[PDB]
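Engineer:
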Amino acid sequence: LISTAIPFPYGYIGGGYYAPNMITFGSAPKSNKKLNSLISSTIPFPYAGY
Amino acid sequence: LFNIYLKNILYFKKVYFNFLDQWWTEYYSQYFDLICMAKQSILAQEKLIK
Amino acid sequence: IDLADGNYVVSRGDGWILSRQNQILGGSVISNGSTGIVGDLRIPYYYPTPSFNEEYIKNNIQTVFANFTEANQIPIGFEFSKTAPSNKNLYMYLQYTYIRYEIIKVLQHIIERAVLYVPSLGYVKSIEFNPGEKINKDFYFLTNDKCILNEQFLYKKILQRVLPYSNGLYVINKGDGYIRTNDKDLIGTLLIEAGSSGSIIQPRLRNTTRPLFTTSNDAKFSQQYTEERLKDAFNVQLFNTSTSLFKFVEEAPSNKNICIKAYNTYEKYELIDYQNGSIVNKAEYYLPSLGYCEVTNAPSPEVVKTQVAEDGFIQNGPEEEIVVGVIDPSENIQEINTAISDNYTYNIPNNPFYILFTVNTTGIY
Amino acid sequence: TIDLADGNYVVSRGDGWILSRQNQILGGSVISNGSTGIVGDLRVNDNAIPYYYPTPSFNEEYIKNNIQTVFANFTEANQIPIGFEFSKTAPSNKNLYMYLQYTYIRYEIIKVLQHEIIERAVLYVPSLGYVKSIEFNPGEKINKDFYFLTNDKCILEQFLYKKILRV
Amino acid sequence: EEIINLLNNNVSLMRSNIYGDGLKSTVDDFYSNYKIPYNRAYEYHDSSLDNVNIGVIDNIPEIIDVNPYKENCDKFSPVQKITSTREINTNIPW
C-alpha cells in the first residue's frame, strides 16, 4: 500500500484529466496519382503529461 | 417518536462514553503513575537486596 | 564593418549548425524503397564577453528580436522524409539548426562580440552508400559553426476616410495573416535537399495560446470586456483555436533545394466606440489563427547589413474588413413578449435603452 | 522429434505468430469506393503483456529469466510505446474489408531426452500487428478460412536454439 | 519539568526531579467547552487491509519517465522549543 499510494498527480498544463491533444506525424511520400499528404500517423501530443 | 427515542438513547450513550474518557484521562492516569512508581520501588528494593 | 561607433545587436538568421555536433541525436539507415522520417516534437547557449554579460544579451534580444524565453513555451516539429534508392543503402542523420544572435561593439570601423544560440529547427544530411565504402570525414564532422540557410545581418543600434456609422460600439474583423516585424512570429525555416520532402508542424496546446491585446484605455476597454464584445459579435471564444493544428508539407524537385519559412499569424479584431463621427475608444485583439508559409530557393553565392524594420504588423492574407454593431452592455433591454400585427403601443416604465420586438407580417411600418 | 543432445534448450521461433480463434476480436474496417483506410495501433501497456504457458519444471520465472538472458528483453522494452499502421486504398467501384490482428514472438523452453522432445513451455511476446484485407461484393460468400484460424501459424520460419548450462 | 525541594527548619533535605510528557499543554478545560453533537454521528448504534493485493501491486511496472511538477516542496523549518522548570518547596514528602 505504501508503494502503490502515489500522491495524486496534477492535470495537464492547462488543467484537466481528460483526453489530451493530437498531432499527426510522418506524411507518406507522394505517389504517382495521389498526393498522400494526409497519410500519416496520429499520436497524442502531451502523452503522460500529468 | 420512536426515532426520537432511539436518537436520545444514542445521545445518552455518547455522554456516557465522554464520561468514560474523562475518567481515563483524569483519573486512570494518576493510578498508572502510581503503578509506575510502585514498580520503580520494587525494582529499587530488588537491586539493594542483590 | 561599415557602421558607426557604438553597440549593435544583430540577428544573423536561423540555420546555424554548431561545430562537433553532427551525430548527437542519431541517424537512420534505410535499404530499398523505405522512407525514413526523422523529426522532433517538443535551452539557449550563451557566450558572453567582459562588457556584455548574460543579462545584457538577454534583455537586448528580448527587446528587439523574438522573445525566446516565451517562445520556448510553445512547441514545434518537423519531419524531413527521405526515400531510399532502388538498390543502395541510405543513411540520414539529424542535427539542430539554431539562431545566431550577436552583440557587437563597433569602434571606428568590431572590437567585441558576444553570441547567443537559440534552437530553431532541424536539418537532415543524407548519403547513399554501399557496404565497405569509405566516406570522407567532411560529411560526418563540422570543424566550425556555419550557416546553411539564408545569410542576413539584421542589426539595431543599442541606446482619412469617412465612416457613416451610428453612435455605439462596433467590432471590425480586419483580416487574417497578421505576422509581426523582425521575424518575431517566425516559427522557423527548414532546408530541404533535392529529392526529399519536409514539413513544419504546429502542435498547439490546451488553453495555451497568446492573443495580443492593445487598448486605448484600461478603464472601459479591458481584455475581458473586449473578449465579451468579440464573443457577442462573432462568437469568438479563445478556448477554441487551441485544439487546432497546422502543418506545411512540401517536396523538393530533383535538381534544386528549397527553403520553407513558416510563421505564426493572427486575426485582427478592432473594437471601436464611434461617437459623432469620432473614434473615442479603440482596442486591438489579435487571435492566433493558423500560420503562414513561404517557399524560397537558396540564393547564389555577398550580403548586405540591413537595419531592423519598425515594430508593427504585416498582413499576409487577403484584404478584409467586416463591421458589425453590438449591443452596449451598459444599456438595458426590454422585450415585447407578443408580436405586432397592425398597431401597437408601448409604455416606457431616462437612460437610453433597447426594445426587442418582432412583427407578425412582412411590410412597411 | 529433434536432433539435439539431451538437456534444456531455449528456442526462438521468430516473430509474426498469429494466435488461433482470435483474429477479428479487435474489429475491422469497411472502406467504400475511392477512399483510404488506415488501421493502426500503438503497443504500449496492456496489449504489451506477455502470455505464459508453462509446464512442470519450467515455471514463469525460469522461462522469463532464460529468454531475457539469451534473446531480447521484453520487460523493459514493453514500457516504450511503439506504433504500427497499415494503409489500404479501396478500388474505384468496390468495397474493401480489412481487419487487424496481433503478431507475437514464439519463445519455447524444450527438454530433449534421447532424440525426442518430452516437455515444452511457451512464452508469447506481443510484437506488432497484421492487417488482412479482402475486396468484396454485397452478398458475396467469403471463405471461412479468411476470418478464422484453427491453429497458430507463423506468417513470416526460424528455430534458434541455445543450450542451458595497423599503426 | 519540576524540582521538588523537601524543606526541613528551612534547609533542603532532598531535591527530586519530575519530568514532563513533552506534549502541548493547554490550561483551558477541553471537556467543559466541548459540545457533544446531536445530529452528527447519530447512527451506527481488525479487518482493514483487505482491499490490497500483493500480486496486483507487484505486477505494476515501475515508474520510469517522471513528468515533474515545478513546486512540489515548500521548506523545512525545525521546531525549536525551550523547556521551563518550576521549583516547588514542600514540607510533606512526595
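Chains as they are written, first to last, in the entry's author numbering: chain P, 101 to 150; chain S, 650 to 699; chain C, 23 to 64, 70 to 136, 138 to 187, 207 to 348, 351 to 398, 403 to 418; chain X, 22 to 177, 179 to 187, 208 to 209; chain H, 400 to 407, 409 to 445, 451 to 499. The beta carbon of each residue, even a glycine, is placed where N, CA and C say it ideally should be.
How long is the line joining the alpha carbons of X:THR110 and X:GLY150, rounded to whole angstroms?
Structural biologist: Against the fourth sequence, residue 110 of chain X aligns to sequence position 89. Against the fourth sequence, residue 150 of chain X aligns to sequence position 129. When rounded, the distance between both Cα atoms is 18 Å.
Engineer: Going along the chain, which residues of its own chain have a beta-carbon closer than 6 Å to the beta-carbon of C:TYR272, five neighbours each way excluded?
Structural biologist: The count along the third sequence starts at 1 and reaches residue 272 of chain C at position 225. Once the five neighbours on either side are set aside, C:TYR272 has no close Cβ partner at all.
Engineer: Near X:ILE139, which residues of its chain fall below 7 Å by C-beta distance, leaving aside the five closest residues on each side in sequence?
Structural biologist: Here residue 139 of chain X refers to the residue found at position 118 of the fourth sequence. Here the set comprises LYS132.
Engineer: What residues of chain H sit near P:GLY149, judged by a beta carbon separation below 8 Å?
Structural biologist: Numbered from its first residue, the first sequence carries residue 149 of chain P at position 49. Under the 8 Å cutoff, chain H gives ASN472.
Engineer: Going by Cα to Cα distance, which pick from C:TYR118, C:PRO147, C:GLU81, C:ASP24 is closest to C:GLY37?
Structural biologist: Walking along the third sequence from the start, residue 37 of chain C turns up at place 15. Considering only alpha carbons, the answer is C:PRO147.
Engineer: Run through DSSP, which three-state label would C:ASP279 get?
Structural biologist: One-based indexing of the third sequence puts residue 279 of chain C at position 232. If DSSP states are grouped into helix, strand and coil, C:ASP279 belongs with the helices.
Engineer: Using 7 Å as the limit for Cβ to Cβ distance, is P:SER141 near chain X?
Structural biologist: Numbered from 1 along the first sequence, position 41 holds the residue referred to as residue 141 of chain P. So yes, P:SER141 belongs to the interface.
Engineer: Terminal residues of the continuous beta strand (DSSP E) containing C:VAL296?
Structural biologist: Here residue 296 of chain C is taken as the residue at index 249 of the third sequence, counted from 1. Per DSSP, C:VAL296 belongs to the beta strand (DSSP E) from 293–298.
Engineer: Mind reading off the beta-carbon distance from P:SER103 to H:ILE462? Whole number of angstroms is fine, and I expect it under 8 Å.
Structural biologist: Residue 103 of chain P sits at position 3 when you count from the first residue of the first sequence. Residue 462 of chain H sits at position 57 when you count from the first residue of the fifth sequence. The beta-carbon distance between P:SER103 and H:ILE462, rounded to whole angstroms, is 6 Å. This is short enough to meet the 8 Å contact definition.
Engineer: Give me the chain H residues within the contact set of P:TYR110, using Cβ-Cβ distance strictly less than 7 Å, ordered along the chain.
Structural biologist: Counting from 1 along the first sequence, the entry for residue 110 of chain P is found at position 10. Correct list: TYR474.
Engineer: For the beta strand (DSSP E) that C:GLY374 lies in, which residues bound it at each end?
Structural biologist: Position 325 of the third sequence holds residue 374 of chain C. Its beta strand (DSSP E) spans residues 371–374.
Engineer: Which residues does DSSP pair with X:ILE176 in a beta bridge?
Structural biologist: Residue numbering aside, residue 176 of chain X sits at position 155 when the fourth sequence is read from its first letter. Paired residue(s): none; X:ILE176 is not in a bridge.
Engineer: Does P:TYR110 come out as helix, strand or coil in the three-state DSSP assignment?
Structural biologist: The residue labelled residue 110 of chain P in the question sits at position 10 within the first sequence. The answer is coil: DSSP assigns P:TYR110 none of H, G, I, E or B.
Engineer: So C:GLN322 is in the beta strand (DSSP E); what residue range does that whole segment cover?
Structural biologist: Within the third sequence, numbered from 1, the residue matching residue 322 of chain C stands at position 275. Segment 313–322, the beta strand (DSSP E) holding C:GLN322.
Engineer: Kindly list the residues whose CB is nearer than 6 Å to the CB of C:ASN381, restricted to its own chain and excluding five residues on each side of it in sequence; keep chain order.
Structural biologist: Walking along the third sequence from the start, residue 381 of chain C turns up at place 332. Result list for C:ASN381: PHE406, in chain order.
Engineer: Do you know offhand how far C:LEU233's Cα is from C:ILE247's?
Structural biologist: As a working mapping, residue 233 of chain C is identified with position 186 in the third sequence. As a working mapping, residue 247 of chain C is identified with position 200 in the third sequence. Roughly 12 Å separates the two Cα atoms.
Engineer: Measuring CB to CB, does X:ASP27 end up less than 7 Å from X:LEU170?
Structural biologist: For the purposes of this step, residue 27 of chain X is taken as residue 6 along the fourth sequence, with counting starting at 1. For the purposes of this step, residue 170 of chain X is taken as residue 149 along the fourth sequence, with counting starting at 1. Against a cut-off of 7 Å, the Cβ pair of X:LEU170 and X:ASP27 comes out as no contact.
Engineer: Beta carbon of C:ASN328, beta carbon of C:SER263: below 7 Å?
Structural biologist: Taking the first residue of the third sequence as 1, we reach residue 328 of chain C at position 281. Taking the first residue of the third sequence as 1, we reach residue 263 of chain C at position 216. Result yes, Cβ atoms of C:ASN328 and C:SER263 sit closer than 7 Å.
Engineer: List, in order along the chain, the chain H residues whose C-beta lies closer than 8 Å to that of X:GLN180?
Structural biologist: On the fourth sequence, position 158 is the one that residue 180 of chain X refers to. Neighbours of X:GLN180 on chain H: none; closest Cβ ~29 Å, over 8 Å.
Engineer: Look at the alpha carbon of residue 430 of chain C and the alpha carbon of C:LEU252, and state the distance between them as a whole number of angstroms.
Structural biologist: The structure shown does not extend to residue 430 of chain C, since chain C is modelled only from 23 to 418, so the question has no answer here.
Engineer: Using a threshold of 7 Å, state whether the C-beta atoms of C:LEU334 and C:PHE293 are closer than that.
Structural biologist: To locate residue 334 of chain C, count along the third sequence from 1; it is residue 287. To locate residue 293 of chain C, count along the third sequence from 1; it is residue 246. No, the Cβ-Cβ distance between C:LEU334 and C:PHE293 is not below 7 Å.
Engineer: Can you find the residues in the same chain that come closer than 6 Å, C-beta to C-beta, to C:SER244, ignoring five residues on each side of it along the sequence?
Structural biologist: As a position in the third sequence, residue 244 of chain C is number 197, starting the count at 1. Hits under 6 Å: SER108, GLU298.
Engineer: Should H:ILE462 be flagged as near chain P, meaning a C-beta pair shorter than 7 Å?
Structural biologist: For this step, residue 462 of chain H is matched to residue 57 along the fifth sequence. Yes, H:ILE462 lies at the interface with chain P (some Cβ there is under 7 Å from its Cβ).
Engineer: Whole angstroms are fine: how far does the CA of S:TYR654 sit from the CA of P:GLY149?
Structural biologist: Indexing the first sequence from 1 puts residue 149 of chain P at position 49. Indexing the second sequence from 1 puts residue 654 of chain S at position 5. One alpha carbon belongs to P:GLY149, the other to S:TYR654, and they sit about 56 Å apart.
Engineer: Start and end of the beta strand (DSSP E) containing H:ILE469?
Structural biologist: Stepping through the fifth sequence from its first residue, residue 469 of chain H is reached at position 64. H:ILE469 -> no beta strand (DSSP E), and no H or E assigned at all.
Engineer: By DSSP, does C:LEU117 sit in helix, in strand, or in coil?
Structural biologist: For the purposes of this step, residue 117 of chain C is identified with residue 90 of the third sequence, where counting begins at 1. Reduced to three states, the DSSP call for C:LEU117 is strand.
Engineer: Run through chain P and tell me which residues come within less than 7 Å of X:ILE59, C-beta to C-beta.
Structural biologist: Here the question's residue 59 of chain X lines up with position 38 in the fourth sequence. Residues of chain P passing the Cβ test: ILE139.
Engineer: Rounded to whole angstroms, what is the Cα-Cα separation between C:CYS306 and P:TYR112?
Structural biologist: Numbered from its first residue, the third sequence carries residue 306 of chain C at position 259. Numbered from its first residue, the first sequence carries residue 112 of chain P at position 12. Using only the alpha carbons, I get a separation of about 35 Å.
Engineer: At least one CB of chain P closer than 7 Å to the CB of C:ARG141: is that the case?
Structural biologist: Residue mapping note: residue 141 of chain C aligns to position 113 of the third sequence, counting from 1. No, no contact with chain P.
Engineer: I need the straight-line Cα distance from X:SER56 to X:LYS115, nearest angstrom please.
Structural biologist: Translated into positions along the fourth sequence, residue 56 of chain X becomes position 35. Translated into positions along the fourth sequence, residue 115 of chain X becomes position 94. Distance between the alpha carbons of X:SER56 and X:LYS115 is about 10 Å.
Engineer: Taking Cβ-Cβ distances below 7 Å as the criterion, which residues of the segment 433–444 of chain H are in contact with chain S?
Structural biologist: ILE436, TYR438, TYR442
Engineer: How is the alpha helix (DSSP H) around H:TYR474 delimited, first residue to last?
Structural biologist: Within the fifth sequence, residue 474 of chain H is the residue found at index 69, counting from 1. Segment: none, H:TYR474 is in no alpha helix (DSSP H) and carries neither H nor E.
Engineer: If X:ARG127 sits next to X:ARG34, beta carbons under 8 Å apart, how far is it from one beta carbon to the other, in whole angstroms?
Structural biologist: Within the fourth sequence, numbered from 1, the residue matching residue 127 of chain X stands at position 106. Within the fourth sequence, numbered from 1, the residue matching residue 34 of chain X stands at position 13. Confirmed, about 4 Å.
Engineer: Quick check on DSSP: helix, strand or coil for C:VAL32?
Structural biologist: Locating residue 32 of chain C in the third sequence gives position 10, where the first residue counts as 1. Strand.
Engineer: Sort X:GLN180, X:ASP24, X:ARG64, X:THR124 by Cα distance to X:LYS153 and report the nearest one.
Structural biologist: Within the fourth sequence, residue 153 of chain X is the residue found at index 132, counting from 1. Ranking X:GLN180, X:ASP24, X:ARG64, X:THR124 by Cα distance to X:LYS153 puts X:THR124 first.
Engineer: Compute the distance between the beta-carbons of C:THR415 and C:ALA388, then report whether it is under 7 Å.
Structural biologist: Here the question's residue 415 of chain C lines up with position 362 in the third sequence. Here the question's residue 388 of chain C lines up with position 339 in the third sequence. No. Outside cutoff.
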